[PDB]
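Q: Below: one structure in structure tokens.
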Protein chains: 2
Amino acid sequence: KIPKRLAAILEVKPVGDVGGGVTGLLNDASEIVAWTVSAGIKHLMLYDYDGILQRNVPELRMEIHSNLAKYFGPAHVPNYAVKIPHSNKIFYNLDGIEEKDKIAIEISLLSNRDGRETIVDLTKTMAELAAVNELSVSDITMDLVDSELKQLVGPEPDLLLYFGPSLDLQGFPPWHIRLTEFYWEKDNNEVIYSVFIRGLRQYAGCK
Amino acid sequence: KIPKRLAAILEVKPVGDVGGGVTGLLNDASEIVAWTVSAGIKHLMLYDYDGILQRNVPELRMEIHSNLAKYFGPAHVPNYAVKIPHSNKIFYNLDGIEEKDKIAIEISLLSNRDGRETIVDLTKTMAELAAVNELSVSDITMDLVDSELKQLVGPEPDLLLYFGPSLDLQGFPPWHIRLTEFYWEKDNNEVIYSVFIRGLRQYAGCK
């Protein structure tokens, strides 16, 4: 039993630390991508509070390709797509940078603006639609808000991994985490494979 | 350093299991109340998805008194209030059942209805007022949503305790948990004092 949809919250760390800074953040993201693909998981959400990932997409796409080549061999890089929901942008493989076209993993990049701020914007949108008589107040339902936020932000993750010592959601979109299970480790302060693996084992039902 | 505001998510167990059912839930709730008062914490949110606690308020109130008498002696039961935000009800001590009037702990009972469905309710309220121009769309802001949900549901908890093995918020009101700290134990599947205490020690920063 593996999650169909995986999420991870990443934190940027001092550049003087080993594997820190923005480059370190992108490397951590690409490690998580390779681990997720290796586990057979086809949907991944990566979140960081300020949107560093969203502002470094070219470098991220190159790091993902490089890391996938390390795990799968340079001739067998799984196909991937990187999506930014709030701009409706999607990027495939290294198209534009550098059957057998099926996407092995789709990676969505999220930040704080995609959470509460997006819900406030949605409430304004629905109020404006009611004020111009295009939406009945009684048609504002859970199903409508659900489907709107699913389109604006994305579907709910089954499991969310956090690699710091104390769970801090730090703005992660709070609507579609009704049943999401969270995993982290009390000591941990680094993005390392053994924590990823223990999180999946916990989700699966191991001891 | 103790949290000023404590939350606990409770799960109901099979009615046939040992310490299960509604009786088991109420005993767990009243234990957490006694432990919280003993630690000096004056604000407690108790959440269960279906609102079982809200449907069993008389018995809960009795159990709280009974359990407090066990911890403090029958002659020194701290004063307590049980509040239900969704219905705007509040009950003091055993009034109506059976300085020296100061409330030692206020216990709020929450359920899934207090979470996303309440955000939908708020969206409908704002949409209706916007539709008759009692509310400008420009005034639908983060500050407004923050204050409305704080009034409808309650303030943000500093620490949230979960007594199952994999943290699942299961509908806990998601807006005002921005900086909330979360605690649970990977092995655990029962409401026991040692998990409560280890959670408070983690929050404090102990070794």
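Note on naming: chains are A, B, ... as they come in the structure tokens, residues start from 1 per chain, ligands start from 1 in the order shown.
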Let's see if you can do this: from backbone DSSP, list all helix (DSSP H, G or I) residues in segment 27-142 of chain A, as a VMD selection string.
A: chain A and resid 27 to 38 52 to 55 57 to 72 85 to 87 112 to 114 116 to 131 137 to 139 142
Q: At a cut-off of 10 Å, can you tabulate as a tab-separated table every residue of chain B near chain A together with its closest atom pair and the distance in Å to one decimal, using only C-alpha atoms and ordering rows by chain then number?
A:
residue	atom	partner	partner_atom	distance
B:112	CA	A:178	CA	9.7
B:115	CA	A:175	CA	9.6
B:116	CA	A:175	CA	7.3
B:117	CA	A:142	CA	6.7
B:118	CA	A:142	CA	9.8
B:119	CA	A:142	CA	9.2
B:120	CA	A:142	CA	6.4
B:121	CA	A:141	CA	8.6
B:122	CA	A:123	CA	8.8
B:123	CA	A:123	CA	5.6
B:124	CA	A:137	CA	5.8
B:125	CA	A:137	CA	8.3
B:126	CA	A:127	CA	6.5
B:127	CA	A:127	CA	3.9
B:128	CA	A:137	CA	6.1
B:129	CA	A:127	CA	8.4
B:130	CA	A:131	CA	5.7
B:131	CA	A:131	CA	3.9
B:132	CA	A:131	CA	7.2
B:133	CA	A:131	CA	7.8
B:135	CA	A:127	CA	9.3
B:136	CA	A:128	CA	9.0
B:137	CA	A:124	CA	6.0
B:138	CA	A:124	CA	8.1
B:139	CA	A:124	CA	9.0
B:140	CA	A:124	CA	6.1
B:141	CA	A:120	CA	6.7
B:142	CA	A:120	CA	6.3
B:143	CA	A:120	CA	9.8
B:144	CA	A:120	CA	9.4
B:145	CA	A:120	CA	7.3
B:146	CA	A:120	CA	9.8
B:165	CA	A:202	CA	8.9
B:166	CA	A:181	CA	6.2
B:167	CA	A:182	CA	5.3
B:168	CA	A:181	CA	4.8
B:169	CA	A:178	CA	6.6
B:170	CA	A:178	CA	5.3
B:171	CA	A:178	CA	5.2
B:172	CA	A:178	CA	8.1
B:173	CA	A:174	CA	9.4
B:174	CA	A:174	CA	5.8
B:175	CA	A:174	CA	7.1
B:176	CA	A:174	CA	9.9
B:177	CA	A:169	CA	8.6
B:178	CA	A:170	CA	6.6
B:179	CA	A:168	CA	7.0
B:180	CA	A:168	CA	7.6
B:181	CA	A:167	CA	6.6
B:182	CA	A:167	CA	6.2
B:183	CA	A:167	CA	8.2
B:185	CA	A:186	CA	9.7
B:186	CA	A:202	CA	8.2
B:187	CA	A:207	CA	8.0
B:202	CA	A:166	CA	9.2
B:203	CA	A:166	CA	9.5
Q: Do you know which residues are at most 10 Å from residue 101 of chain A counting only C-alpha atoms, after dropping those on the same chain fewer than 2 positions away, and could you put them as number ranges by chain?
A: A: 78-80, 92, 99, 103-104
Q: Can those selected residues be exported to a file as a compact mmCIF listing (two decimals), in the first residue's frame so that it contains C-alpha atoms?
A:
# COMPACT_ATOMS: atom_id res chain seq x y z
CA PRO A 78 11.66 8.57 -16.51
CA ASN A 79 9.52 11.22 -18.16
CA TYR A 80 8.45 13.93 -15.77
CA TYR A 92 7.95 18.46 -19.67
CA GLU A 99 3.78 5.53 -25.67
CA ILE A 103 4.64 10.79 -17.85
CA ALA A 104 6.13 8.76 -15.02
Q: List the spatial neighbours of residue 162 of chain A as a PyMOL selection string - criterion: any atom at most 6 Å away, only C-alpha atoms, same-chain residues fewer than 2 positions off excluded.
A: chain A and resi 8-9+164+184
Q: Can you write out the residues you just picked, keeping C-alpha atoms, as a PDB file, in the first residue's frame?
A:
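File produced: again-v5.pdb:
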ATOM      1  CA  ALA A   8       6.733  17.117   0.987  1.00  0.00           C
ATOM      2  CA  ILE A   9       7.353  20.361   2.846  1.00  0.00           C
ATOM      3  CA  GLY A 164      12.558  19.025  10.146  1.00  0.00           C
ATOM      4  CA  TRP A 184       8.328  13.363  10.514  1.00  0.00           C
TER       5      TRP A 184
END
Q: How many Å lie between atom CA of residue 7 of chain A and atom CA of residue 59 of chain A, rounded to one decimal?
A: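 These atoms are spaced 20.5 Å apart.
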Q: Taking only chain B into account, list the residues labelled strand (DSSP E) by DSSP (computed from the backbone), as a PyMOL selection string.
A: chain B and resi 5-9+43-47+80-84+89-92+105-110+159-162+181-183
Q: At a cut-off of 9 Å, using only C-alpha atoms, what residues contact residue 25 of chain A? Leave out same-chain residues fewer than 4 positions from it and give the result as a list in words.
A: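 My list of contacting residues is residues 10, 11, 12, 13, 19, 20, 21, 29, 30, 52 and 53 of chain A.
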Q: Find the distance between atom CA of residue 206 of chain B and atom CA of residue 18 of chain A and write it in Å to one decimal.
A: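 If I compute the distance from atom CA of residue 206 of chain B to atom CA of residue 18 of chain A, I get 27.3 Å.
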Q: Name the residues in contact with residue 66 of chain A at a cut-off of 12 Å, using only C-alpha atoms, excluding same-chain residues fewer than 6 positions from it; report them as an NGL selection string.
A: :A and (26-27 or 30-31 or 33-34 or 59-60 or 72-78 or 93-94)
Q: Those residues with N, CA, C and O atoms, as a PDB file, in the first residue's frame please?
A:
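Produced file part05.pdb, reproduced below:
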ATOM      1  N   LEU A  26      17.100  22.861  -4.083  1.00  0.00           N
ATOM      2  CA  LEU A  26      16.764  22.213  -5.352  1.00  0.00           C
ATOM      3  C   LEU A  26      17.300  20.778  -5.383  1.00  0.00           C
ATOM      4  O   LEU A  26      16.669  19.867  -5.934  1.00  0.00           O
ATOM      5  N   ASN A  27      18.472  20.563  -4.801  1.00  0.00           N
ATOM      6  CA  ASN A  27      19.006  19.204  -4.737  1.00  0.00           C
ATOM      7  C   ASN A  27      18.121  18.300  -3.883  1.00  0.00           C
ATOM      8  O   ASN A  27      17.850  17.153  -4.262  1.00  0.00           O
ATOM      9  N   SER A  30      15.049  17.390  -5.849  1.00  0.00           N
ATOM     10  CA  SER A  30      15.293  16.397  -6.897  1.00  0.00           C
ATOM     11  C   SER A  30      15.573  15.023  -6.310  1.00  0.00           C
ATOM     12  O   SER A  30      15.235  14.003  -6.931  1.00  0.00           O
ATOM     13  N   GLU A  31      16.184  14.968  -5.119  1.00  0.00           N
ATOM     14  CA  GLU A  31      16.301  13.689  -4.420  1.00  0.00           C
ATOM     15  C   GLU A  31      14.920  13.125  -4.124  1.00  0.00           C
ATOM     16  O   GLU A  31      14.647  11.944  -4.366  1.00  0.00           O
ATOM     17  N   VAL A  33      12.155  13.714  -5.673  1.00  0.00           N
ATOM     18  CA  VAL A  33      11.580  13.256  -6.939  1.00  0.00           C
ATOM     19  C   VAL A  33      12.083  11.856  -7.287  1.00  0.00           C
ATOM     20  O   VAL A  33      11.295  10.964  -7.625  1.00  0.00           O
ATOM     21  N   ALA A  34      13.405  11.645  -7.225  1.00  0.00           N
ATOM     22  CA  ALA A  34      13.950  10.336  -7.599  1.00  0.00           C
ATOM     23  C   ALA A  34      13.437   9.235  -6.674  1.00  0.00           C
ATOM     24  O   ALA A  34      13.093   8.129  -7.125  1.00  0.00           O
ATOM     25  N   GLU A  59      16.560  25.572 -13.279  1.00  0.00           N
ATOM     26  CA  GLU A  59      17.577  24.846 -12.522  1.00  0.00           C
ATOM     27  C   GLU A  59      16.991  23.601 -11.869  1.00  0.00           C
ATOM     28  O   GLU A  59      17.640  22.549 -11.818  1.00  0.00           O
ATOM     29  N   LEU A  60      15.757  23.696 -11.372  1.00  0.00           N
ATOM     30  CA  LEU A  60      15.107  22.527 -10.789  1.00  0.00           C
ATOM     31  C   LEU A  60      14.945  21.415 -11.823  1.00  0.00           C
ATOM     32  O   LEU A  60      15.223  20.242 -11.543  1.00  0.00           O
ATOM     33  N   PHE A  72      18.504   5.914 -12.480  1.00  0.00           N
ATOM     34  CA  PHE A  72      17.961   5.062 -13.525  1.00  0.00           C
ATOM     35  C   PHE A  72      18.920   4.845 -14.683  1.00  0.00           C
ATOM     36  O   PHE A  72      18.636   4.009 -15.546  1.00  0.00           O
ATOM     37  N   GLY A  73      20.046   5.547 -14.725  1.00  0.00           N
ATOM     38  CA  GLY A  73      20.942   5.445 -15.850  1.00  0.00           C
ATOM     39  C   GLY A  73      20.610   6.541 -16.843  1.00  0.00           C
ATOM     40  O   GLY A  73      19.445   6.899 -17.021  1.00  0.00           O
ATOM     41  N   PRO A  74      21.630   7.107 -17.492  1.00  0.00           N
ATOM     42  CA  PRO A  74      21.382   8.252 -18.387  1.00  0.00           C
ATOM     43  C   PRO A  74      20.471   7.935 -19.557  1.00  0.00           C
ATOM     44  O   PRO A  74      19.866   8.858 -20.106  1.00  0.00           O
ATOM     45  N   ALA A  75      20.324   6.668 -19.943  1.00  0.00           N
ATOM     46  CA  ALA A  75      19.500   6.334 -21.101  1.00  0.00           C
ATOM     47  C   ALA A  75      18.066   5.975 -20.735  1.00  0.00           C
ATOM     48  O   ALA A  75      17.291   5.608 -21.621  1.00  0.00           O
ATOM     49  N   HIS A  76      17.696   6.045 -19.460  1.00  0.00           N
ATOM     50  CA  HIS A  76      16.399   5.562 -19.004  1.00  0.00           C
ATOM     51  C   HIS A  76      15.774   6.531 -18.017  1.00  0.00           C
ATOM     52  O   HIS A  76      15.081   6.125 -17.078  1.00  0.00           O
ATOM     53  N   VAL A  77      15.982   7.825 -18.225  1.00  0.00           N
ATOM     54  CA  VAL A  77      15.394   8.828 -17.339  1.00  0.00           C
ATOM     55  C   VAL A  77      13.875   8.780 -17.470  1.00  0.00           C
ATOM     56  O   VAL A  77      13.350   8.938 -18.578  1.00  0.00           O
ATOM     57  N   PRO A  78      13.128   8.550 -16.390  1.00  0.00           N
ATOM     58  CA  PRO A  78      11.665   8.566 -16.507  1.00  0.00           C
ATOM     59  C   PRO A  78      11.195   9.940 -16.961  1.00  0.00           C
ATOM     60  O   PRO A  78      11.814  10.961 -16.647  1.00  0.00           O
ATOM     61  N   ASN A  93      10.032  17.350 -19.068  1.00  0.00           N
ATOM     62  CA  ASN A  93      11.407  16.877 -19.267  1.00  0.00           C
ATOM     63  C   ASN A  93      12.303  18.106 -19.361  1.00  0.00           C
ATOM     64  O   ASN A  93      12.145  19.028 -18.550  1.00  0.00           O
ATOM     65  N   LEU A  94      13.210  18.175 -20.330  1.00  0.00           N
ATOM     66  CA  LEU A  94      14.025  19.356 -20.569  1.00  0.00           C
ATOM     67  C   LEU A  94      13.598  20.117 -21.822  1.00  0.00           C
ATOM     68  O   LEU A  94      14.408  20.843 -22.401  1.00  0.00           O
TER      69      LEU A  94
END
Q: Can you measure atom CA of residue 42 of chain B to atom CA of residue 113 of chain B for me? One decimal in Å is fine.
A: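 Interatomic distance here is 24.2 Å.
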Q: Can you tell me, as a PDB file with N, CA and C atoms, in the first residue's frame, what residues are no more than 7 Å from residue 6 of chain B when counting only C-alpha atoms, ignoring any on the same chain fewer than 2 positions away?
A:
ATOM      1  N   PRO B   3       1.973  25.433  26.919  1.00  0.00           N
ATOM      2  CA  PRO B   3       1.090  26.103  25.952  1.00  0.00           C
ATOM      3  C   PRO B   3      -0.018  26.835  26.696  1.00  0.00           C
ATOM      4  N   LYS B   4      -0.360  28.025  26.210  1.00  0.00           N
ATOM      5  CA  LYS B   4      -1.535  28.690  26.760  1.00  0.00           C
ATOM      6  C   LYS B   4      -2.813  28.001  26.285  1.00  0.00           C
ATOM      7  N   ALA B   8      -6.650  18.684  21.556  1.00  0.00           N
ATOM      8  CA  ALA B   8      -6.468  17.253  21.415  1.00  0.00           C
ATOM      9  C   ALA B   8      -7.472  16.760  20.399  1.00  0.00           C
ATOM     10  N   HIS B  43      -7.012  26.610  28.875  1.00  0.00           N
ATOM     11  CA  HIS B  43      -7.814  26.557  27.656  1.00  0.00           C
ATOM     12  C   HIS B  43      -7.558  25.242  26.952  1.00  0.00           C
ATOM     13  N   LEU B  44      -8.635  24.512  26.680  1.00  0.00           N
ATOM     14  CA  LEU B  44      -8.539  23.214  26.039  1.00  0.00           C
ATOM     15  C   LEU B  44      -9.574  23.130  24.927  1.00  0.00           C
ATOM     16  N   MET B  45      -9.135  22.749  23.736  1.00  0.00           N
ATOM     17  CA  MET B  45     -10.051  22.355  22.668  1.00  0.00           C
ATOM     18  C   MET B  45     -10.033  20.844  22.546  1.00  0.00           C
ATOM     19  N   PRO B 157      -4.817  26.969  18.652  1.00  0.00           N
ATOM     20  CA  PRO B 157      -4.111  26.254  19.730  1.00  0.00           C
ATOM     21  C   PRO B 157      -2.603  26.347  19.561  1.00  0.00           C
ATOM     22  N   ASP B 158      -1.905  26.434  20.695  1.00  0.00           N
ATOM     23  CA  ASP B 158      -0.443  26.427  20.662  1.00  0.00           C
ATOM     24  C   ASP B 158       0.088  25.034  20.436  1.00  0.00           C
ATOM     25  N   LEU B 159      -0.599  24.038  20.966  1.00  0.00           N
ATOM     26  CA  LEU B 159      -0.103  22.669  20.824  1.00  0.00           C
ATOM     27  C   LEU B 159      -1.292  21.763  20.586  1.00  0.00           C
ATOM     28  N   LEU B 160      -1.159  20.810  19.671  1.00  0.00           N
ATOM     29  CA  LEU B 160      -2.223  19.867  19.364  1.00  0.00           C
ATOM     30  C   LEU B 160      -1.679  18.465  19.594  1.00  0.00           C
TER      31      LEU B 160
END
